[PDB]
Amino acid sequence: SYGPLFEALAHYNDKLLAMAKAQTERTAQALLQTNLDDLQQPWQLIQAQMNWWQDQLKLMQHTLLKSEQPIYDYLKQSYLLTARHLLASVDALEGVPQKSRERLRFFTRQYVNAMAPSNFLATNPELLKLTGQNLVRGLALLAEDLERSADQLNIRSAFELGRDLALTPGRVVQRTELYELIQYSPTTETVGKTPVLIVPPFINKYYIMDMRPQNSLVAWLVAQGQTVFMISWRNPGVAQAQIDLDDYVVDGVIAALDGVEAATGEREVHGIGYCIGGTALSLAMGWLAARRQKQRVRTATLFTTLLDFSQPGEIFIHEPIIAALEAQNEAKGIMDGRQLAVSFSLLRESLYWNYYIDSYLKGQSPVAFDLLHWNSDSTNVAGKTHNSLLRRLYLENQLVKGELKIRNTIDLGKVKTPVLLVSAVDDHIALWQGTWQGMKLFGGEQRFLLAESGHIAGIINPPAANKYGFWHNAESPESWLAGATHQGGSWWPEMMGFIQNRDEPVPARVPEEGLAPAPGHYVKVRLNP
Amino acid sequence: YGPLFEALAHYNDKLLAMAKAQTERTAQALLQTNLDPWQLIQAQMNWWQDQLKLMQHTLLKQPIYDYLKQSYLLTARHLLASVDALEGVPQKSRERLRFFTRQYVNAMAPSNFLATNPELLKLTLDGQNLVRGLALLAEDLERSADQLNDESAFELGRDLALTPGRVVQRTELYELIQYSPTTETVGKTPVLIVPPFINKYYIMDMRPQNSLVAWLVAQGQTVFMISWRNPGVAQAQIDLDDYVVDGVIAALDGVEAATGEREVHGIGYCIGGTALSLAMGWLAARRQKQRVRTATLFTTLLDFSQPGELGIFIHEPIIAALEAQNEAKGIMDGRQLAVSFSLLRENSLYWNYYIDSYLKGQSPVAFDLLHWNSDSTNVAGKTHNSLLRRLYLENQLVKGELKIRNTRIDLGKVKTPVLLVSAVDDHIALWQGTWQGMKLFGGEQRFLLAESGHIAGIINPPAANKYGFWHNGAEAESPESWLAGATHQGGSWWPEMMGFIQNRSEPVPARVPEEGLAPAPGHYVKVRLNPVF
Amino acid sequence: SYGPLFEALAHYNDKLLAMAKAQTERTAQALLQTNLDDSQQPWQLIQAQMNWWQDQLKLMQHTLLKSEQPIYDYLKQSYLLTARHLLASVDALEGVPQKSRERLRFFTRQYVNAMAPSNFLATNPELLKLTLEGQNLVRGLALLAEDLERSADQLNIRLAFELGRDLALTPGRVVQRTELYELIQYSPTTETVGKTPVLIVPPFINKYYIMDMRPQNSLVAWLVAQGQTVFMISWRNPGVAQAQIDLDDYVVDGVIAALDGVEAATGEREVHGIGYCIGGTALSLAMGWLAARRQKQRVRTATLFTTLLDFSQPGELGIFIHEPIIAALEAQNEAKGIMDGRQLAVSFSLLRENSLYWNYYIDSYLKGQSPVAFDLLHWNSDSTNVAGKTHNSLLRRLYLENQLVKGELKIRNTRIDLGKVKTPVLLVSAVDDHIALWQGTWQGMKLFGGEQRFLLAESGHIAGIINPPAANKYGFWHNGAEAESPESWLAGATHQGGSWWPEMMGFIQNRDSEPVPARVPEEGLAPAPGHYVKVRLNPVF
């Protein structure tokens, strides 16, 4: 039962040899084009790791076929394979500079710690067993030691935004206390009449959707003839400690819609939201509909959006813990992203295979390095916003019970905006079943899509990659999946088609000079300078 | 499971106890001072324990991939922890660790040696084609060693083989080393050590704590050591007969010239014991007065009925091809022999001679043993052919057909008391075979079985208190019958050997060696096949 | 005491008169070959120079027998001879196209500067004054070098032979290209060739085509015609990227890699080695390196032309061998990265034959050849860079410290002892050599532990080596016996006229191997001359 594994390794091994052959002719051809007045990872290092995989798999199959001393001998041979990997890895780094060598050790140490379940509190074994008021004190002691472990790693240099990441050309056309509104310059002669507005999450930074040109959702939307706007949430400081979740809905999202009208003259836009930005977009649509204002969101697309919190995945929802954090939130003013970083890990997809090995085989700068930089670029959370999200949504679940009020005002059944929900099969933060149960909350047209990966990989899958797939098409979440068909490739054309199917193109809108260039000033603020 | 975790806890607590003591050592240093990488071992211990826990967890419980993924993470954690432990380590020591680790890894690969190569077994499982398949395997194994072929080596006289002595005689085949005494009085009968000429002798003189030569000197015995020449093309016509007569007998005359004693105590190792046995048979067959009072033979093969894993080579087409190559090339290259078989195959090298050496505050003994094993020596062409055909193939010594310079050899004429010391886990000379050959002698016979492999069981100094041995004074019909009737005794067998020599006269004042020709280690031993600067 | 001078002049004058008759008939036949519908410099120009020589010698002899006013009169009459020479030279170029006028004016100016001792640092009198008694010398050397470089620079900016067409045109293929060299394998001209191929290791100070100039004096073409598979290493002209290359890399990554490349092309692990000025030194270090590591012998025979292994007498280069100069030079090489060949051009001249004008311009012209001196002058001015770390090693480890004789030299942590080399060597040196004094080369011959042969050519650094048998121009001294001193060897040696190339070929052939069918080189990577050699420091379009 190892055939597919040996085949998958042989496929990767053959692709690495082809890349080595390409490097061999490239360096040989380089000898011809030398002037005597001037002057990526080694494929040998990747080969060293591939050799470890196949030899360990061969050793395991060998020991199982042979079936106190048998356990030890396999352990000894496995240790020998570990030694061969270490020696080959060190020797492969002969010509690599020490600076690049230090960078390699950094990302590996970062990745190893991220994959360790004990190093994150939500998946730490001791507190899982605990599942009274004493636990809260123990939990704080665990966090301080876990925070120190991450801090000591950080204390003992990476990608710069605007140059290596988040480099899609655009302009900051509006800046408020809560956000910078980025309008992206077009790459087509004509674009659609209705512009697009993206509401990213305020849990981490927005550039997960604008990483590199090949996998930039924004750049892909621009190439499809669409005026793209992006909300860039502010990294909350002590001054924004008293801001509440409602303010993000009204003073953040609604104000951005008026800003889009001021920049384009359009009172209706196409909405796109992520995990909690989509939730804010959902609350904004219900707020606009409940007050019988003319509809301003033509379509709504929600990526991994939780509206029903009945299935919270991976534990803090118990009332005593929520109160203790709310008090701490008042004391500190904000929920520290460095403190929040040790609670759980947003990145748990195949990261090594599809975003380190495969991206390297495609001649790309390793995408997994970009994801680890993003994951460790944590952002604060407003104290009052954090409490509101904890009590009224995760704990009390006011939106499902119809008790949720936004500035003394929510029934999603009044929303007649067509929605498209995109969830992930391997999602650990937002269980897709919950998104399916939450899909029924809307009163208009509803469509659902399930990506064939985890929280991030299934969403950031550009068509060119053709790496994954998705299921398309009920009484239960399970009933939809059984009747759904698998479709390979990316689902981005399906979302783009959904927007275009409802409906004249306009000349490409060149954004005004605005206040600042594309990346802005809000996103560059780091917690660890 | 249980026993493995218990052994792991033993090493973890011993490392933690030794690490805590080192912490106290530096703390006390702060008080007692005038103006004028244990973490690396812990990194490896964590890998063993973490991989064992995962292995036990998965076995009790796509599933295959998860174990591979989790196993790969442990490898990555091991690399990071190992490299970080080597931050302050000097570059010289770091290179030494990289060098010896690569040696240990390649040595533990069964495919990397012809004698234990499965591919060669497949061919053995063919006629003239067998030679060609063997030649392609041999050239491939030989090529790999060159890529390995680096000044991480120990210099003789400085780190190893530093027992004080003098070279009192130099001939074409050997330098005779006489060691200076460390006692006021010594025994009347001197000691002569005949090491193997397959590898170098300093396995018996490594470091003062485990130096057999140094221990013999401290017991009040004048010790002589034959230092064989690393044979060149000029010595192509040297035969096994020459090693017996011009090597061992000539050394006996050299002992007489240096001490005035016509009888010495003989000690032989892997093939020196065979040469010492043939020398005693030669002197007895020609009715010369006995010149060897006692004989001690370590892992000595006189009956080649059980050749171990070397028996794969014992086939007429293979031997004939080697006889042609040895005659044409002149010598059997030690560089070719280094990939053929490994004299050093202890089942506990990593644990008992690397890990334990760190816990005993010693420089890792495994590094010294690997340096010795890779210090290959050539073999004379005609000598190799004689050893291949007349001993391994034809087995002339058992059948009485062996002739040493036109002198038929019968060991039954030897009336010298012999003591054979073998190793239970030996891969070169199976002890059963050594026991079968012990019956060939006509005088007093004693047998001892060491509780380890070819090297570890022999080089076990009393101070270590590491292993044990089996002794049985009565005679037995079979090796299995002897072991069943033998009694086990812990510790080293070296004190028992000294009693065998000593029980057989008032001691005389310590013999001071003459100034001689050269210092203690000599120059013959330093000749390497792959020179080092 | 002018008999020999007038005899040589009468001989040259009569040969020129005969060639003038040939040119007169040459143009007459051309008139016959006219189609109605549609080089060699004029003999009058050579006659103009010959007239100056004979008249100046006659005037000098006349004034010396007659021996203020006497000094001035000879000066005045000599000036008249100069004016008559100038008028005759210009008039001889009457119909000559402007291009040939430019080519002749260029090489003459090149020749004039080459013969001026002041124009070279090694033979400069002013720089010598500083040598006879620190930083004063360092700066003094820098101002002279910069000034000589400035003078050459203004000359260059105002500005012939294309490689593969006029020079280095022996057919072959580039079978391997690495960072340091292109391996040229030459296509055969014989039915059968020897089993053991030949590998030539040229110096990396200048370019290799001194050994492959024109078919008449091409050593490579002659070796090919004698039934030998010939390989040639073509060193890369070192750039800024190769600043960290050391002498060890040329020895190991250059020569040893070439041996593996020759084996890859032919399947032969043993070749005949041939080395020149510093390639022979690199070839010597390669044999010592292989023997010190007890690798199977890969060089069957070794022939070394003007090779320095003992640097006790560096000749006229000894003026530079001083710690303050070497320390200052090591700083420049580390900072600049490389030793600029244009700077090296003003330091010393590899081409300093006394009889260059007579034997390679006048005599070569009378043989109906394009003047060989023009080809030699293009070669000498085709300077190449030197790697910074490589130059430092050559200055300190070889010229200054002399580590190879003292046994202290290490090549990649490998001590080198040439006594371990058992390869039969043949050293060929030049009696008039100014770069590698033959005495020094003889002292270095004793370093080898195998068979040794020595040959002394009857000319300078270049003329004595590039002497093809067809020319029959010079001679050489041979002595089979071993001698205690260079003078003892020379006293016991026998002189033989002609070229020494057959002796080396006999030396190579006697040590052997039934001949094999001629090895046709694979299509390879590039045509014969390669791309590395065409790289010039002063580019030409």
# chains A, B, ... in the order shown; residues from 1 in each chain; ligands from 1
>>> interface_residues(of="chain C", to="chain B", cutoff="12 Å", atoms="only C-alpha atoms", output="JSON, numbers by chain")
{"C": [289, 290, 291, 292, 293, 294, 295, 408, 409, 410, 411, 412, 413, 414, 415, 416]}
>>> write_last_selection(atoms="N, CA and C atoms", output="mmCIF file, in the first residue's frame")
data_model
loop_
_atom_site.group_PDB
_atom_site.id
_atom_site.type_symbol
_atom_site.label_atom_id
_atom_site.label_comp_id
_atom_site.auth_asym_id
_atom_site.auth_seq_id
_atom_site.Cartn_x
_atom_site.Cartn_y
_atom_site.Cartn_z
ATOM 1 N N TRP C 289 51.355 16.749 -7.123
ATOM 2 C CA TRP C 289 50.105 16.576 -6.391
ATOM 3 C C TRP C 289 49.568 15.157 -6.541
ATOM 4 N N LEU C 290 49.586 14.621 -7.764
ATOM 5 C CA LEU C 290 49.097 13.264 -7.988
ATOM 6 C C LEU C 290 49.978 12.229 -7.305
ATOM 7 N N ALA C 291 51.285 12.482 -7.225
ATOM 8 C CA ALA C 291 52.184 11.528 -6.587
ATOM 9 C C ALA C 291 52.106 11.622 -5.068
ATOM 10 N N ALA C 292 51.944 12.835 -4.532
ATOM 11 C CA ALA C 292 51.846 12.987 -3.085
ATOM 12 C C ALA C 292 50.605 12.295 -2.539
ATOM 13 N N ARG C 293 49.553 12.187 -3.348
ATOM 14 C CA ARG C 293 48.328 11.508 -2.953
ATOM 15 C C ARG C 293 48.252 10.083 -3.488
ATOM 16 N N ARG C 294 49.332 9.590 -4.097
ATOM 17 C CA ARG C 294 49.444 8.196 -4.528
ATOM 18 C C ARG C 294 48.304 7.805 -5.469
ATOM 19 N N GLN C 295 47.935 8.725 -6.357
ATOM 20 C CA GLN C 295 47.019 8.426 -7.447
ATOM 21 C C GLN C 295 47.766 7.729 -8.575
ATOM 22 N N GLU C 408 58.189 23.516 1.243
ATOM 23 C CA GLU C 408 57.142 24.119 2.055
ATOM 24 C C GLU C 408 55.858 24.394 1.280
ATOM 25 N N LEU C 409 55.853 24.197 -0.038
ATOM 26 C CA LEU C 409 54.688 24.547 -0.844
ATOM 27 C C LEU C 409 53.571 23.525 -0.663
ATOM 28 N N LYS C 410 52.350 24.016 -0.447
ATOM 29 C CA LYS C 410 51.175 23.172 -0.275
ATOM 30 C C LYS C 410 50.115 23.549 -1.301
ATOM 31 N N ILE C 411 49.521 22.537 -1.928
ATOM 32 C CA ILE C 411 48.475 22.720 -2.930
ATOM 33 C C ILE C 411 47.204 22.098 -2.363
ATOM 34 N N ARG C 412 46.305 22.936 -1.843
ATOM 35 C CA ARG C 412 45.075 22.481 -1.191
ATOM 36 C C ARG C 412 45.380 21.513 -0.045
ATOM 37 N N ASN C 413 46.178 22.003 0.908
ATOM 38 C CA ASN C 413 46.549 21.253 2.111
ATOM 39 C C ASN C 413 47.275 19.957 1.760
ATOM 40 N N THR C 414 48.098 20.005 0.714
ATOM 41 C CA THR C 414 48.888 18.859 0.271
ATOM 42 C C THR C 414 50.315 19.325 0.023
ATOM 43 N N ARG C 415 51.237 18.931 0.898
ATOM 44 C CA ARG C 415 52.633 19.295 0.705
ATOM 45 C C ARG C 415 53.166 18.653 -0.570
ATOM 46 N N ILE C 416 53.927 19.427 -1.338
ATOM 47 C CA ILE C 416 54.401 19.019 -2.655
ATOM 48 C C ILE C 416 55.885 18.697 -2.560
#
>>> closest_atom_pairs(of="chain A", to="chain B", cutoff="9 Å", atoms="only C-alpha atoms", output="JSON lines")
{"residue": "A:2", "atom": "CA", "partner": "B:64", "partner_atom": "CA", "distance": 8.6}
{"residue": "A:5", "atom": "CA", "partner": "B:65", "partner_atom": "CA", "distance": 8.5}
{"residue": "A:52", "atom": "CA", "partner": "B:72", "partner_atom": "CA", "distance": 8.4}
{"residue": "A:53", "atom": "CA", "partner": "B:68", "partner_atom": "CA", "distance": 7.5}
{"residue": "A:56", "atom": "CA", "partner": "B:68", "partner_atom": "CA", "distance": 7.7}
{"residue": "A:57", "atom": "CA", "partner": "B:68", "partner_atom": "CA", "distance": 7.5}
{"residue": "A:68", "atom": "CA", "partner": "B:1", "partner_atom": "CA", "distance": 7.6}
{"residue": "A:71", "atom": "CA", "partner": "B:1", "partner_atom": "CA", "distance": 8.4}
{"residue": "A:72", "atom": "CA", "partner": "B:4", "partner_atom": "CA", "distance": 8.0}
{"residue": "A:75", "atom": "CA", "partner": "B:52", "partner_atom": "CA", "distance": 7.6}
{"residue": "A:77", "atom": "CA", "partner": "B:108", "partner_atom": "CA", "distance": 8.9}
{"residue": "A:79", "atom": "CA", "partner": "B:48", "partner_atom": "CA", "distance": 8.1}
{"residue": "A:80", "atom": "CA", "partner": "B:105", "partner_atom": "CA", "distance": 6.4}
{"residue": "A:81", "atom": "CA", "partner": "B:105", "partner_atom": "CA", "distance": 8.7}
{"residue": "A:82", "atom": "CA", "partner": "B:75", "partner_atom": "CA", "distance": 5.8}
{"residue": "A:83", "atom": "CA", "partner": "B:105", "partner_atom": "CA", "distance": 7.3}
{"residue": "A:84", "atom": "CA", "partner": "B:105", "partner_atom": "CA", "distance": 7.2}
{"residue": "A:85", "atom": "CA", "partner": "B:75", "partner_atom": "CA", "distance": 8.1}
{"residue": "A:86", "atom": "CA", "partner": "B:79", "partner_atom": "CA", "distance": 6.1}
{"residue": "A:87", "atom": "CA", "partner": "B:98", "partner_atom": "CA", "distance": 7.4}
{"residue": "A:105", "atom": "CA", "partner": "B:80", "partner_atom": "CA", "distance": 7.4}
{"residue": "A:108", "atom": "CA", "partner": "B:76", "partner_atom": "CA", "distance": 7.8}
{"residue": "A:109", "atom": "CA", "partner": "B:80", "partner_atom": "CA", "distance": 7.1}
{"residue": "A:112", "atom": "CA", "partner": "B:73", "partner_atom": "CA", "distance": 6.8}
{"residue": "A:115", "atom": "CA", "partner": "B:73", "partner_atom": "CA", "distance": 8.3}
{"residue": "A:116", "atom": "CA", "partner": "B:73", "partner_atom": "CA", "distance": 8.9}
>>> write_last_selection(atoms="N, CA and C atoms", output="short mmCIF file (atom, residue, chain, number, x, y, z; two decimals), in the first residue's frame")
data_model
loop_
_atom_site.label_atom_id
_atom_site.label_comp_id
_atom_site.auth_asym_id
_atom_site.auth_seq_id
_atom_site.Cartn_x
_atom_site.Cartn_y
_atom_site.Cartn_z
N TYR A 2 1.99 1.19 -0.71
CA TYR A 2 2.91 2.31 -0.82
C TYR A 2 3.09 2.78 -2.26
N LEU A 5 2.68 6.47 -3.01
CA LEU A 5 3.75 7.23 -2.35
C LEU A 5 5.06 7.11 -3.11
N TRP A 52 16.02 11.14 2.07
CA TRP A 52 15.55 10.72 3.39
C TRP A 52 14.16 10.10 3.30
N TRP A 53 13.25 10.74 2.55
CA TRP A 53 11.88 10.25 2.46
C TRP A 53 11.82 8.84 1.88
N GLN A 56 13.64 6.17 4.18
CA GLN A 56 12.86 5.85 5.38
C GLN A 56 11.62 5.04 5.02
N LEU A 57 10.98 5.36 3.90
CA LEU A 57 9.84 4.57 3.44
C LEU A 57 10.28 3.17 3.05
N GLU A 68 12.11 -7.43 21.19
CA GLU A 68 12.95 -6.39 21.78
C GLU A 68 13.95 -5.84 20.76
N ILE A 71 12.73 -3.89 17.28
CA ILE A 71 12.43 -2.46 17.41
C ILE A 71 13.71 -1.64 17.40
N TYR A 72 14.72 -2.09 18.15
CA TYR A 72 15.96 -1.32 18.25
C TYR A 72 16.68 -1.22 16.91
N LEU A 75 15.11 1.30 14.81
CA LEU A 75 15.47 2.60 15.37
C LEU A 75 16.89 2.99 14.98
N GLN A 77 18.66 1.94 12.33
CA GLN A 77 18.71 2.26 10.91
C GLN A 77 18.02 3.59 10.61
N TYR A 79 17.93 6.11 12.68
CA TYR A 79 18.89 7.11 13.13
C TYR A 79 20.01 7.29 12.11
N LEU A 80 20.42 6.20 11.46
CA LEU A 80 21.44 6.31 10.43
C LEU A 80 20.95 7.16 9.27
N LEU A 81 19.68 6.99 8.88
CA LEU A 81 19.10 7.83 7.83
C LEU A 81 19.03 9.29 8.27
N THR A 82 18.75 9.53 9.55
CA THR A 82 18.78 10.89 10.08
C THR A 82 20.18 11.49 9.98
N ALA A 83 21.21 10.70 10.29
CA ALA A 83 22.58 11.19 10.19
C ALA A 83 22.95 11.50 8.75
N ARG A 84 22.55 10.64 7.81
CA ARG A 84 22.82 10.91 6.40
C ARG A 84 22.14 12.19 5.94
N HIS A 85 20.93 12.45 6.42
CA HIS A 85 20.24 13.69 6.05
C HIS A 85 20.97 14.91 6.58
N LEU A 86 21.42 14.86 7.84
CA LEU A 86 22.12 16.00 8.43
C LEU A 86 23.44 16.27 7.71
N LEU A 87 24.21 15.21 7.45
CA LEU A 87 25.50 15.39 6.78
C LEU A 87 25.31 15.92 5.36
N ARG A 105 18.08 28.63 8.53
CA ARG A 105 17.86 28.09 9.87
C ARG A 105 16.67 28.77 10.55
N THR A 108 13.29 27.32 9.11
CA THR A 108 13.13 25.95 9.57
C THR A 108 12.72 25.91 11.04
N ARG A 109 13.40 26.69 11.88
CA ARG A 109 13.04 26.76 13.29
C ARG A 109 11.64 27.31 13.47
N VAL A 112 9.23 24.41 12.32
CA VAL A 112 9.21 23.30 13.26
C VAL A 112 8.35 23.66 14.47
N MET A 115 4.58 23.62 13.70
CA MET A 115 3.98 22.31 13.56
C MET A 115 3.90 21.55 14.88
N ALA A 116 4.52 22.07 15.94
CA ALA A 116 4.48 21.42 17.25
C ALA A 116 3.17 21.74 17.96
#
>>> atom_distance(atom1="CA of residue 317 (chain A)", atom2="CA of residue 330 (chain A)")
18.6 Å
>>> interface_residues(of="chain C", to="chain A", cutoff="9 Å", atoms="only C-alpha atoms", output="list in words")
residues 177, 178, 179, 237, 238, 239, 240, 241, 242, 531, 532 and 537 of chain C
>>> residues_around(residues="residue 179 (chain A)", least_positions_apart="3", cutoff="9 Å", atoms="only C-alpha atoms", output="PDB file with C-alpha atoms, in the first residue's frame")
ATOM      1  CA  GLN A 174      -8.918  57.324   1.739  1.00  0.00           C
ATOM      2  CA  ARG A 175      -7.477  56.970   5.242  1.00  0.00           C
ATOM      3  CA  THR A 176      -9.593  56.993   8.403  1.00  0.00           C
ATOM      4  CA  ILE A 231      -9.798  47.733   3.010  1.00  0.00           C
ATOM      5  CA  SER A 232      -6.535  47.806   4.982  1.00  0.00           C
ATOM      6  CA  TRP A 233      -7.452  47.521   8.659  1.00  0.00           C
ATOM      7  CA  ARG A 234      -5.388  49.513  11.135  1.00  0.00           C
ATOM      8  CA  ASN A 235      -3.215  47.649  13.625  1.00  0.00           C
ATOM      9  CA  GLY A 252     -15.323  50.820   8.827  1.00  0.00           C
ATOM     10  CA  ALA A 256     -15.668  52.540   2.866  1.00  0.00           C
ATOM     11  CA  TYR A 522      -1.091  50.870   8.342  1.00  0.00           C
TER      12      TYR A 522
END
>>> residues_around(residues="region 1-13 of chain C", least_positions_apart="6", cutoff="12 Å", atoms="only C-alpha atoms", output="PyMOL selection string")
chain C and resi 19-20+43-44+46-58+60-62+64-65+358-359+362-367
>>> residues_around(residues="region 400-403 of chain A", least_positions_apart="3", cutoff="9 Å", atoms="only C-alpha atoms", output="list in words")
residues 307, 308, 309, 392, 393, 396, 397, 410, 411, 412, 438 and 441 of chain A
>>> write_last_selection(atoms="N, CA, C and O atoms", output="compact mmCIF listing (two decimals), in the first residue's frame")
# COMPACT_ATOMS: atom_id res chain seq x y z
N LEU A 307 -20.98 32.43 10.48
CA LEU A 307 -22.16 33.10 10.99
C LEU A 307 -22.87 32.32 12.08
O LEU A 307 -23.49 32.92 12.96
N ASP A 308 -22.79 30.99 12.03
CA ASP A 308 -23.27 30.13 13.10
C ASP A 308 -22.05 29.53 13.79
O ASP A 308 -21.24 28.86 13.14
N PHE A 309 -21.92 29.77 15.09
CA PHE A 309 -20.75 29.35 15.86
C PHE A 309 -21.03 28.11 16.70
O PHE A 309 -20.38 27.91 17.74
N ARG A 392 -21.08 37.90 22.30
CA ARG A 392 -22.30 37.98 21.50
C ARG A 392 -22.29 37.03 20.31
O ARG A 392 -23.36 36.71 19.79
N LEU A 393 -21.12 36.58 19.86
CA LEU A 393 -21.03 35.73 18.68
C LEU A 393 -20.59 34.30 19.02
O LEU A 393 -21.31 33.35 18.70
N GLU A 396 -22.76 33.55 23.08
CA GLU A 396 -24.22 33.67 23.07
C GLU A 396 -24.81 33.36 21.70
O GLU A 396 -25.96 32.90 21.62
N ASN A 397 -24.07 33.61 20.62
CA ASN A 397 -24.53 33.35 19.25
C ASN A 397 -25.82 34.13 18.96
O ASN A 397 -26.86 33.56 18.63
N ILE A 410 -30.66 42.55 13.83
CA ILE A 410 -30.18 42.00 12.57
C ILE A 410 -30.94 40.73 12.21
O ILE A 410 -30.96 39.77 12.98
N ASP A 411 -31.55 40.72 11.03
CA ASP A 411 -32.18 39.53 10.47
C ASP A 411 -31.66 39.35 9.05
O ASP A 411 -31.97 40.15 8.17
N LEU A 412 -30.86 38.30 8.84
CA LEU A 412 -30.30 38.05 7.52
C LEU A 412 -31.35 37.61 6.51
O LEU A 412 -31.08 37.63 5.30
N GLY A 438 -24.77 28.21 8.37
CA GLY A 438 -24.91 29.65 8.31
C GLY A 438 -25.36 30.17 6.96
O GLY A 438 -25.83 31.31 6.87
N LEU A 441 -28.97 31.25 6.70
CA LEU A 441 -29.41 32.44 7.42
C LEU A 441 -29.89 33.52 6.46
O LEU A 441 -30.73 34.35 6.84
>>> select_by_dssp(residues="region 302-415 of chain C", states="alpha helix (DSSP H)", output="PyMOL selection string")
chain C and resi 323-336+341-345+356-357+363-366+372-380+388-392+403-406
>>> select_by_dssp(residues="region 193-308 of chain C", states="strand (DSSP E)", output="VMD selection string")
chain C and resid 193 198 to 201 230 to 235 271 to 275 299 to 305
>>> residues_around(residues="region 419-436 of chain B", least_positions_apart="5", cutoff="7 Å", atoms="only C-alpha atoms", output="list in words")
residues 295, 296, 297, 298, 299, 300, 301, 302, 303, 304, 305, 306, 307, 308, 309, 445, 446, 447, 448, 449, 450, 451, 452, 453, 454, 457 and 479 of chain B
>>> residues_around(residues="region 487-503 of chain B", least_positions_apart="3", cutoff="6 Å", atoms="only C-alpha atoms", output="ChimeraX atom specification")
/B:460,462,465,467-471
